[PDB]
Each structure stands twice: as C-alpha cells, then as structure tokens.
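Residue numbers (the entry's author numbering): 5 to 285. All C-beta atoms, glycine included, are put in the ideal place defined by N, C-alpha and C.
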Amino acid sequence: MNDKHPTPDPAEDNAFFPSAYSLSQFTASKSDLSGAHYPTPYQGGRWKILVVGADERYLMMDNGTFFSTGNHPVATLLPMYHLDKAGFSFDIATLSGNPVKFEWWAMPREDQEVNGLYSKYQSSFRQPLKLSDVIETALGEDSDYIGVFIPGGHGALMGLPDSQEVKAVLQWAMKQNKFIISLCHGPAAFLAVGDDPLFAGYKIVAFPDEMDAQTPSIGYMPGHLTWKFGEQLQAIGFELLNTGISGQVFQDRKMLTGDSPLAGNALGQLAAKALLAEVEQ
Numbered sequence: 005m006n007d008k009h010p011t012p013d014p015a016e017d018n019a020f021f022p023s024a025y026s027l028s029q030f031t032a033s034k035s036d037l038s039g040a041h042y043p044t045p046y047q048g049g050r051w052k053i054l055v056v057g058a059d060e061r062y063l064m065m066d067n068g069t070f071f072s073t074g075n076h077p078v079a080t081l082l083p084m085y086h087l088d089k090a091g092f093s094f095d096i097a098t099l100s101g102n103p104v105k106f107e108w109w110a111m112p113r114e115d116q117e118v119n120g121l122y123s124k125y126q127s128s129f130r131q132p133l134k135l136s137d138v139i140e141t142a143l144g145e146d147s148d149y150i151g152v153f154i155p156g157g158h159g160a161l162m163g164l165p166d167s168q169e170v171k172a173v174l175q176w177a178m179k180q181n182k183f184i185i186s187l188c189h190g191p192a193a194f195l196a197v198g199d200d201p202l203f204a205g206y207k208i209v210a211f212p213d214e215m216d217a218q219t220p221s222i223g224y225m226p227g228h229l230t231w232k233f234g235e236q237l238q239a240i241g242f243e244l245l246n247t248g249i250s251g252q253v254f255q256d257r258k259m260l261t262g263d264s265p266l267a268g269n270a271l272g273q274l275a276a277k278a279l280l281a282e283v284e285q
C-alpha cells in the first residue's frame with residue numbers, strides 16, 4: 005500500500021497496472037452504489053441502451069510503456085446498474101467485436117450488487133457485438149435504442165476517438181434526438197465527429213487533462229498520455245465545466261456526462277430519471 009512503482013502486468017511485455025499506492029488511493033473493495041431503487045420502472049420491454057465498450061487494454065504511454073487500462077468498472081457498471089433497475093436492457097458492442105476490456109484492478113471485489121450486475125451481463129462483455137453490425141440494422145428512425153452509453157476509463161481513449169462508426173452512432177444519436185451518456189474519458193469518443201460542428205456549445209464535464217498530467221507521479225500510469233482529450237474536445241466547440249473531480253454530473257439537453265469514475269452512481273441516477281421521465285414523456 006506504499007509502493008508507488010507501476011506494477012508489472014504479466015500478460016503483456018512492458019505493461020503496467022497502477023502502482024500499489026495509487027490503487028489504494030483510487031480504488032475500493034465496494035462501490036458507492038446507492039439510491040438505485042425505482043418504484044416505477046420501465047416495463048415497455050422495447051427500449052435498450054447501446055453500450056460502446058473499449059476493446060483494448062493496453063494504452064501506449066509517451067515513454068513507450070503500456071498502461072494496463074480498459075473501461076473502468078465503476079464508471080461502467082454503476083450507470084448500468086441504475087438503468088437496469090429502472091427497467092432498461094443493454095446491447096454491448098466494441099469496434100472490433102473483441103471482448104470488452106475492464107480495469108479489473110478497479111473492480112470492487114466485495115460489492116455483491118455490482119458483482120451481480122457484471123455477472124448478469126458477463127456473456128455480453130466477454131463476447132460483445134461488433135459495432136458495425138449494430139450500425140447496419142439497429143439504428144435509423146425505427147431503432148429500439150433510446151440512448152448510447154460510452155463508459156469511461158482510459159480504455160475509451162483508444163479506437164473510439166476516431167472511429168467513423170462511433171461517428172455514425174453520434175450523428176444518429178443527435179439526428180434522432182437520443183440520449184448520449186458518458187463519463188470520465190468516455191467523452192473522448194465524441195471526437196469521432198471530426199470536423200462536424202455537431203456539438204458546438206454543448207456543456208459537458210469530463211476527466212480534467214490536468215489530472216491526467218499529475219497521476220503518473222504516484223505511479224497510477226507508467227507514463228504520460230500522448231495527447232490531451234479535454235483540450236481537443238474544447239477545440240470542437242465543447243465547453244468543459246470542470247477543472248476538478250467531485251463525481252458530479254451534468255445534462256445539457258440529451259447529453260449526460262460525469263466527471264470521473266466517481267461520477268458513476270450520480271450518472272446512473274441522472275440517466276435513470278431522464279429516461280424514465282421520457283418513456284412517460
């Protein structure tokens with residue numbers, strides 16, 4: 005619990021889990037999952053939510069090391085928990101169709117409810133749909149998706165930020181006025197729109213670029229990020245509301261964002277209310 009050295013990841017050459025010290029600062033055995041009780045669920049049985057997960061665990065640092073990352077299970081499973089409880093189902097997809105990669109070192113191992121939720125969706129995480137197939141026949145005007153979920157963790161920084169398929173999903177989302185839900189580094193995916201000013205003026209919270217700049221000092225990552233998603237989002241007309249993290253969330257129209265994995269629970273409450281209130285419109 006003292007060591008600040010990146011912990012070697014045995015499965016991959018020159019790849020590192022977060023240091024023992026960082027892990028003891030940024031992870032816990034149980035989540036702060038709460039308030040996930042909705043007396044008036046959605047029972048319509050139509051509306052699903054599209055989950056776009058990270059297919060890659062190893063993120064290339066500026067110093068040549070791999071950060072052993074993925075989707076952060078708290079940023080992922082907690083919003084999914086509230087929405088599952090609120091009545092909604094999920095399809096899970098990655099860009100390649102390869103298994104969704106979690107930061108299992110951030111999993112709360114003593115959390116029955118979260119462990120429960122993961123297990124309910126484990127077959128889908130372990131063998132997800134391929135996004136290109138989802139995009140073919142599952143979107144359009146007649147889509148059964150009421151929203152898109154793009155979970156966080158640094159794993160979101162790979163593939164998603166310039167996938168032309170994430171682009172099609174975001175354009176669909178906006179065109180059909182659907183919910184877009186994301187947190188932490190998830191919003192890096194909104195960069196897939198390229199030079200489409202689709203998002204101009206939108207207000208979001210996200211993980212601060214500045215925090216990413218400091219966490220390698222406690223060995224959380226084995227190097228620094230090769231680029232800064234916050235400023236680049238800023239460059240496409242996004243207003244970033246937050247310089248720090250408090251696990252807060254914000255909704256601008258149908259854009260729902262959380263500042264960090266800590267925003268996990270809150271995002272779930274915010275999204276649940278928004279979606280429940282709209283299938284009762």
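Going by beta carbon distance, what residues of the same chain come within less than 6 Å of residue i, once the five residues before and after it are set aside?
i         : result
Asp148    : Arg50, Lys52
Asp66     : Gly227, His228, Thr230
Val197    : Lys171, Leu174
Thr31     : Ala110
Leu143    : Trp176
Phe21     : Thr11, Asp13, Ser72, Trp109
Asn246    : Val209, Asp263
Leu271    : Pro83, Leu187, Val253, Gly262
residue 3 : Since the first and last residues shown for the chain are 5 and 285, residue 3 lies out of range.
Roughly how many whole angstroms lie between the Cα atoms of residue i and residue j?
i      : j      : result
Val138 : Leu244 : 30 Å
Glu235 : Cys188 : 14 Å
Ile185 : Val152 : 6 Å
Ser38  : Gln131 : 29 Å
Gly268 : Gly68  : 31 Å
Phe94  : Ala276 : 14 Å
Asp36  : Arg61  : 25 Å
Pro191 : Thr261 : 8 Å
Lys105 : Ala160 : 10 Å
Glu114 : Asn102 : 27 Å
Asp88  : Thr219 : 33 Å
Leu279 : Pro43  : 14 Å
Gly163 : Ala58  : 8 Å
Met64  : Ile222 : 18 Å
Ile150 : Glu214 : 33 Å
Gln285 : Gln116 : 33 Å
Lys124 : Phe92  : 13 Å
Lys232 : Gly248 : 15 Å
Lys8   : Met225 : 10 Å
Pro165 : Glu145 : 25 Å
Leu121 : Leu81  : 7 Å
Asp256 : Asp17  : 42 Å
Does DSSP classify residue i as helix, strand or coil?
i      : result
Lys134 : strand
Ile249 : coil
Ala79  : helix
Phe71  : strand
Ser26  : helix
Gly101 : coil
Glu243 : strand
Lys277 : helix
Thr31  : coil
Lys124 : helix
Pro12  : strand
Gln285 : coil
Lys89  : helix
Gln236 : helix
Can you give me the Cβ contacts of residue i inside the same chain, cut-off strictly under 8 Å, excluding the 5 residues immediately before and after it?
i      : result
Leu202 : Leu174, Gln175, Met178
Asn6   : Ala24, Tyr25
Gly241 : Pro201, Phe203, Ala204, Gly205, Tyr206
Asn181 : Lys258
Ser28  : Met5
Got a sec? Which residues, its chain only, sit under 7 Å from residue i by beta carbon, not counting five neighbours each side?
i      : result
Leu135 : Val56, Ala97, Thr98, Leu99, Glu169
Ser33  : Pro112, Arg113, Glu114
Quick test of the definition: if touching needs 3 or more C-beta pairs under 8 Å, does the stretch 30-50 touch the stretch 196-210?
no
Ignoring anything shorter than 3 residues, give me the beta strand (DSSP E) runs that lie fully in the stretch 159-231, in order along the chain.
183-187
For the 8 Å Cβ check, are there 3 or more pairs between the stretch 104-118 and the stretch 70-89?
yes
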